[PDB]
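Student: Sharing a structure below in structure tokens format, with a few things to ask.
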Amino acid sequence: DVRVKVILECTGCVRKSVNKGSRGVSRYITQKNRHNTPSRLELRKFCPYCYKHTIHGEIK
Amino acid sequence: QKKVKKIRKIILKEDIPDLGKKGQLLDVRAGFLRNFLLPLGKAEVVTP
RNA sequence: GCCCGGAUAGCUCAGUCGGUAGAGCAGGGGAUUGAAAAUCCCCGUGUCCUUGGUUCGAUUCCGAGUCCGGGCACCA
RNA sequence: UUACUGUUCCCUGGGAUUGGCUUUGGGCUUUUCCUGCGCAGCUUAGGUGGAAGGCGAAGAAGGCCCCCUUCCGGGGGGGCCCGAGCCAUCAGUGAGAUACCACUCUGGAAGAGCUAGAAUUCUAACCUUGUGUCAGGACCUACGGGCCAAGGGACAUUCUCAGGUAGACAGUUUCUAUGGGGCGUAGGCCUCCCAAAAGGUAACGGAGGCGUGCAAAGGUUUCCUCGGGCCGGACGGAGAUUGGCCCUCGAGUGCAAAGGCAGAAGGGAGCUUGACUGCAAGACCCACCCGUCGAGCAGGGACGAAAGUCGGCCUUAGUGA
RNA sequence: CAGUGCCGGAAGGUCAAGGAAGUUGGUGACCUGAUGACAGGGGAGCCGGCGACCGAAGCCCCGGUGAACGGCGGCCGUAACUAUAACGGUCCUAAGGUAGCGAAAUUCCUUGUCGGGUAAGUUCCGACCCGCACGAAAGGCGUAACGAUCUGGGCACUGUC
RNA sequence: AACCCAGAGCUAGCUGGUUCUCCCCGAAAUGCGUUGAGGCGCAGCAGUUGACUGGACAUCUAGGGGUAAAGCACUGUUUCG
RNA sequence: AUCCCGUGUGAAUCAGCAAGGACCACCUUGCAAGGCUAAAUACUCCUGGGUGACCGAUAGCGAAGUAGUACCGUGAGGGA
RNA sequence: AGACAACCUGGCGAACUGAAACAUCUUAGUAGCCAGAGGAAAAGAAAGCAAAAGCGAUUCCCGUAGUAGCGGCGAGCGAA
Ligand SMILES: [Mg+2]
Ligand SMILES: [Mg+2]
Ligand SMILES: [Mg+2]
Ligand SMILES: [Mg+2]
Ligand SMILES: [Mg+2]
Ligand SMILES: [Mg+2]
Ligand SMILES: [Mg+2]
Ligand SMILES: [Mg+2]
Ligand SMILES: [Mg+2]
Ligand SMILES: [Mg+2]
Ligand SMILES: [Mg+2]
Ligand SMILES: [Mg+2]
Ligand SMILES: [Mg+2]
Ligand SMILES: [Mg+2]
Ligand SMILES: [Mg+2]
Ligand SMILES: [Mg+2]
Ligand SMILES: [Mg+2]
Ligand SMILES: [Mg+2]
Ligand SMILES: [Mg+2]
Ligand SMILES: [Mg+2]
Ligand SMILES: [Mg+2]
Ligand SMILES: [Mg+2]
Ligand SMILES: [Mg+2]
Ligand SMILES: [Mg+2]
Ligand SMILES: [Mg+2]
Ligand SMILES: [Mg+2]
Ligand SMILES: [Mg+2]
Ligand SMILES: [Mg+2]
Ligand SMILES: [Mg+2]
Ligand SMILES: [Mg+2]
Ligand SMILES: [Mg+2]
Ligand SMILES: [Mg+2]
Ligand SMILES: [Mg+2]
Ligand SMILES: [Mg+2]
Ligand SMILES: [Mg+2]
Ligand SMILES: [Mg+2]
Ligand SMILES: [Mg+2]
Ligand SMILES: [Mg+2]
Ligand SMILES: [Mg+2]
Ligand SMILES: [Mg+2]
Ligand SMILES: [Mg+2]
Ligand SMILES: [Mg+2]
Ligand SMILES: [Mg+2]
Ligand SMILES: [Mg+2]
Ligand SMILES: [Mg+2]
Ligand SMILES: [Mg+2]
Ligand SMILES: [Mg+2]
Ligand SMILES: [Mg+2]
Ligand SMILES: [Mg+2]
Ligand SMILES: [Mg+2]
Ligand SMILES: [Mg+2]
Ligand SMILES: [Mg+2]
Ligand SMILES: [Mg+2]
Ligand SMILES: [Mg+2]
Ligand SMILES: [Mg+2]
Ligand SMILES: [Mg+2]
Ligand SMILES: [Mg+2]
Ligand SMILES: [Mg+2]
Ligand SMILES: [Mg+2]
Ligand SMILES: [Mg+2]
Ligand SMILES: [Mg+2]
Ligand SMILES: [Mg+2]
Ligand SMILES: [Mg+2]
Ligand SMILES: [Mg+2]
Ligand SMILES: [Mg+2]
Ligand SMILES: [Mg+2]
Ligand SMILES: [Mg+2]
Ligand SMILES: [Mg+2]
Ligand SMILES: [Mg+2]
Ligand SMILES: [Mg+2]
Ligand SMILES: [Mg+2]
Ligand SMILES: [Mg+2]
Ligand SMILES: [Mg+2]
Ligand SMILES: [Mg+2]
Ligand SMILES: [Mg+2]
Ligand SMILES: [Mg+2]
Ligand SMILES: [Mg+2]
Ligand SMILES: [Mg+2]
Ligand SMILES: [Mg+2]
Ligand SMILES: [Mg+2]
Ligand SMILES: [Mg+2]
Ligand SMILES: [Mg+2]
Ligand SMILES: [Mg+2]
Ligand SMILES: [Mg+2]
Ligand SMILES: [Mg+2]
Ligand SMILES: [Mg+2]
Ligand SMILES: [Mg+2]
Ligand SMILES: [Mg+2]
Ligand SMILES: [Mg+2]
Ligand SMILES: [Mg+2]
Ligand SMILES: [Mg+2]
Ligand SMILES: [Mg+2]
Ligand SMILES: [Mg+2]
Ligand SMILES: [Mg+2]
Ligand SMILES: [Mg+2]
Ligand SMILES: [Mg+2]
Ligand SMILES: [Mg+2]
Ligand SMILES: [Mg+2]
Ligand SMILES: [Mg+2]
Ligand SMILES: [Mg+2]
Ligand SMILES: [Mg+2]
Ligand SMILES: [Mg+2]
Ligand SMILES: [Mg+2]
Ligand SMILES: [Mg+2]
Ligand SMILES: [Mg+2]
Ligand SMILES: [Mg+2]
Ligand SMILES: [Mg+2]
Ligand SMILES: [Zn+2]
């Protein structure tokens, strides 16, 4: 409704099937209040593949 | 499925209106050929 | 879940084949009328949904976002 | 029966049985013609190419008029009259001459082509009738057979596929506790009481709540103390903002209730995303399924000077194999 | 004539099978890449998904139809004494029960109240209307004749007593 | 919703019945879930069989608690002053 | 996938065609749309031999005597 | 041409039942009924299996195997 399930996705992740040790597209998931904050949420979070804290944006 | 017009190639043995002179080559619908032309001796169906 | 169409004056919708933003009511005024109504005429208001792009410039064309009105579906 | 899932009668589209001629006509075309107001201008700049040659007596410029489109700026074009010109890098313009020519795009026209749809016929399929007429040894005004005729006619019927549609029909479902009747109510989770100072615990016993919310109401570093009396102060009053003394936890904590919590878990400010990945000794709760707590390790971080804290939220509801 | 059915209507929306422009994928003769034990692009053909547009009845839509299914309300206030309400206001519906009947095979409270019949009548007959909850072809209200009908009373008659 | 035969020894979480003797041990009527309530699964409590164990019955000490009693420090309630 | 059928369309002949569990390539295997054929296997109204930890008149077949008889039923049927 | 116990082939083809209800599924292509032929019937001479190694019509028994699978992925069904 006004409170929604949102997927965060690593921006610097390449879906092409990368050549490194572990290949995959990091997604986290969480909830947002779509009314309170209409701005697409951006969050710095850990990515198991890139191995560093990356920036995870959103998907529509 | 999709209706497929039946085509019977024939030779006319007599003159009939809209068709032509005797001894003539044509192609026809199958109902026309078998129900009308063929019982009256008028046409002949050709596969040489 | 898909498929269409919309967001334009306070309300209801007309829209060049991009160069002025418009109708019909709600309102204000004038007598109409001894008084009511018809009868009639005037006047007021706009970020043409939000964003970027195209363009010498856009309500008009296009992308994304948001909402609204309907049409059609499925074996947790 | 307007419970569910279907079946049938019945209606309507494709296919098949199933043909001829003619129209009318919706969407595509086959030559071929119409048609375009960025601005700098000879002026309503079609893109791209052959591109110094073309259009004329199979009779042009220029005026007299008929038609049609229209942004009445002007464009295509029929008749006549006219008689030797409309022309090209000629300078502009992203793109060239209305000198000409090829595939074509905006929409229009026309004869020609595909498919319907539609309407009209026509007769040979098919249908329907006949004390019409033949027919064997004899009849078939005894059903029927052959022929002829008459009326319909590519409809209808039959078949197949599809949508619609009758409890006409078939199989079935219709919980538990209410007061062991209708009727509405109740059915999961959380807090308190009952509950007998471990834990557990019933009643149609007594009270209430939940089916989420917050991008900060999380993380962290750091500072702060609420509420209530009494008094002063322009409007201002019981009550707003401000000053001060006394009581000291009586306020608050997103929402019930209970238990917590004062230099705090309450109020504020700064920077943040640990509301992480990979896990995990051991416990508690336990019929099972679930459920809860977590020291500790590694990675990569946030805040902080550092020590350190951080795997969402003071705790317990906010969920579903 | 709103709901439901039934009939008629044809402009719009919805509308299956089936057609069908067109896209899209798998394969692959081949063409290149490549310090890994291979990889990427691809003609024709075959195979698959999707599919704008065409696509009937029905439904949504518009109208008629009660001897079709059925339905036929509330709330106030007001007349020289108390009373009642012909009269007005308001609410709501598709519309608000007309003629006639009415304590009835219908009346709950209820043995309503009144009259009659009886010495005495919860039944009976006539009437009032405050119809819990009559009512017009599920007919309304009358009605002579008729009934092994239901129900009240009277004469005759009797061991019913 | 006839009868007769067959599927059929249907199905009945229901009721009835279930036959010789001695010896040893010996329950439960509780919790949870259930289209469940008079059924069933698991647990609890029988028997028999093993593997570990060292307790039980007493005695004393230590824990935490918020009942009986008690109280007005809080929350209500209440009488009069 | 393979197999077999209603309605409708509808191929290819060995340089083919089918199968190898959608489909395409490659290889392997096979030759549909014409027929016919013994044995190993199933059974007991029975026939002939054999055996029986099978019955012995409430048993064994419904039937050790009129037994599908008597009797009952309109009849199917029941049935000592 | 009719008769004929069981077996067999073909055609029609249930329901109670199980699923702790029931509708897909199960019962079961079972019973029954009809038709047909034989001492057996049917099937049968690879347009078949298999997997890179090989087999060589059909039927029947053992085994693979309650395996692979199928299934309101329930009850159950169940190969080669
Ligand atoms: Mg055809
Ligand atoms: Mg049809
Ligand atoms: Mg046809
Ligand atoms: Mg005729
Ligand atoms: Mg005759
Ligand atoms: Mg005749
Ligand atoms: Mg005619
Ligand atoms: Mg037809
Ligand atoms: Mg149908
Ligand atoms: Mg029924
Ligand atoms: Mg139905
Ligand atoms: Mg205790
Ligand atoms: Mg306790
Ligand atoms: Mg309780
Ligand atoms: Mg904060
Ligand atoms: Mg003050
Ligand atoms: Mg609270
Ligand atoms: Mg508290
Ligand atoms: Mg704090
Ligand atoms: Mg540590
Ligand atoms: Mg830790
Ligand atoms: Mg760390
Ligand atoms: Mg630092
Ligand atoms: Mg906090
Ligand atoms: Mg009506
Ligand atoms: Mg109507
Ligand atoms: Mg109407
Ligand atoms: Mg109609
Ligand atoms: Mg229409
Ligand atoms: Mg459509
Ligand atoms: Mg289609
Ligand atoms: Mg196509
Ligand atoms: Mg492709
Ligand atoms: Mg390749
Ligand atoms: Mg490829
Ligand atoms: Mg259509
Ligand atoms: Mg229609
Ligand atoms: Mg009208
Ligand atoms: Mg009437
Ligand atoms: Mg008065
Ligand atoms: Mg009135
Ligand atoms: Mg009135
Ligand atoms: Mg009025
Ligand atoms: Mg109204
Ligand atoms: Mg009306
Ligand atoms: Mg009216
Ligand atoms: Mg009246
Ligand atoms: Mg009157
Ligand atoms: Mg009267
Ligand atoms: Mg009375
Ligand atoms: Mg009456
Ligand atoms: Mg009444
Ligand atoms: Mg009474
Ligand atoms: Mg009296
Ligand atoms: Mg009286
Ligand atoms: Mg009496
Ligand atoms: Mg009376
Ligand atoms: Mg009434
Ligand atoms: Mg009545
Ligand atoms: Mg009536
Ligand atoms: Mg009557
Ligand atoms: Mg009478
Ligand atoms: Mg009579
Ligand atoms: Mg007398
Ligand atoms: Mg006597
Ligand atoms: Mg009957
Ligand atoms: Mg019966
Ligand atoms: Mg059975
Ligand atoms: Mg039994
Ligand atoms: Mg029995
Ligand atoms: Mg049963
Ligand atoms: Mg003992
Ligand atoms: Mg006990
Ligand atoms: Mg029971
Ligand atoms: Mg048990
Ligand atoms: Mg034991
Ligand atoms: Mg103590
Ligand atoms: Mg103690
Ligand atoms: Mg205490
Ligand atoms: Mg307590
Ligand atoms: Mg006490
Ligand atoms: Mg006190
Ligand atoms: Mg006190
Ligand atoms: Mg095969
Ligand atoms: Mg195979
Ligand atoms: Mg095949
Ligand atoms: Mg078949
Ligand atoms: Mg061939
Ligand atoms: Mg083969
Ligand atoms: Mg062959
Ligand atoms: Mg075949
Ligand atoms: Mg053969
Ligand atoms: Mg054979
Ligand atoms: Mg005897
Ligand atoms: Mg005997
Ligand atoms: Mg004896
Ligand atoms: Mg025979
Ligand atoms: Mg016979
Ligand atoms: Mg025989
Ligand atoms: Mg069944
Ligand atoms: Mg059943
Ligand atoms: Mg069952
Ligand atoms: Mg059962
Ligand atoms: Mg043999
Ligand atoms: Mg044979
Ligand atoms: Mg051989
Ligand atoms: Mg052969
Ligand atoms: Zn990443």
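Positions of Cβ are backbone-derived with ideal geometry, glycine not excepted, and every protein chain shown enters the neighbour counts. Laboratory data are not the source of any read-out in this text; all were calculated from the coordinates shown.
Student: Where does segment A:1-46 land on the Kirkwood hydrodynamic radius, alpha-carbon pairs, in angstrom?
Tutor: Result for segment A:1-46, one decimal place: 12.4 Å.
Student: I need the trypsin sites (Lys or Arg not before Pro) found in segment A:1-38, filtered to DSSP loop residues with at most 13 other beta carbons within 10 Å of theirs.
Tutor: When the trypsin sites (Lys or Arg not before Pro) of segment A:1-38 are filtered for loop state and at most 13 Cβ neighbours within 10 Å, A:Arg15, A:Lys16, A:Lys20, A:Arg23, A:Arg34 remain.
Student: Using θ = phi - 60° and the Karplus relation 6.51 cos²θ - 1.76 cosθ + 1.60, list the HN-Hα couplings for segment A:23-32 in order, rounded to whole Hz, with x at every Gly or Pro.
Tutor: Listing the rounded values in order: 10, x, 9, 5, 10, 9, 8, 5, 10, 10 Hz.
Student: Less than 19 Å apart at the alpha-carbon level, and either on another chain or at least 8 residues along: which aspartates and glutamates does that give for A:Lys52?
Tutor: By straight Cα distance, A:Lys52 reaches A:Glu9, A:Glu42.
Student: Using Cα pairs closer than 8 Å and at least 6 residues apart in sequence, work out the relative contact order for chain B, in percent.
Tutor: 42 percent
Student: Non-local amide H neighbours of A:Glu58 (under 5 Å, H modeled in plane, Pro and chain starts lacking H): which ones?
Tutor: A:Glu9
Student: For chain B, just say rounded, prolate or oblate: build the C-alpha gyration tensor, square-root its eigenvalues into a ≥ b ≥ c, call rounded for a/c under 1.5, and beyond that prolate if a/b exceeds b/c, oblate if not.
Tutor: Because a/c hits 1.5 or more and a/b exceeds b/c, chain B counts as prolate.
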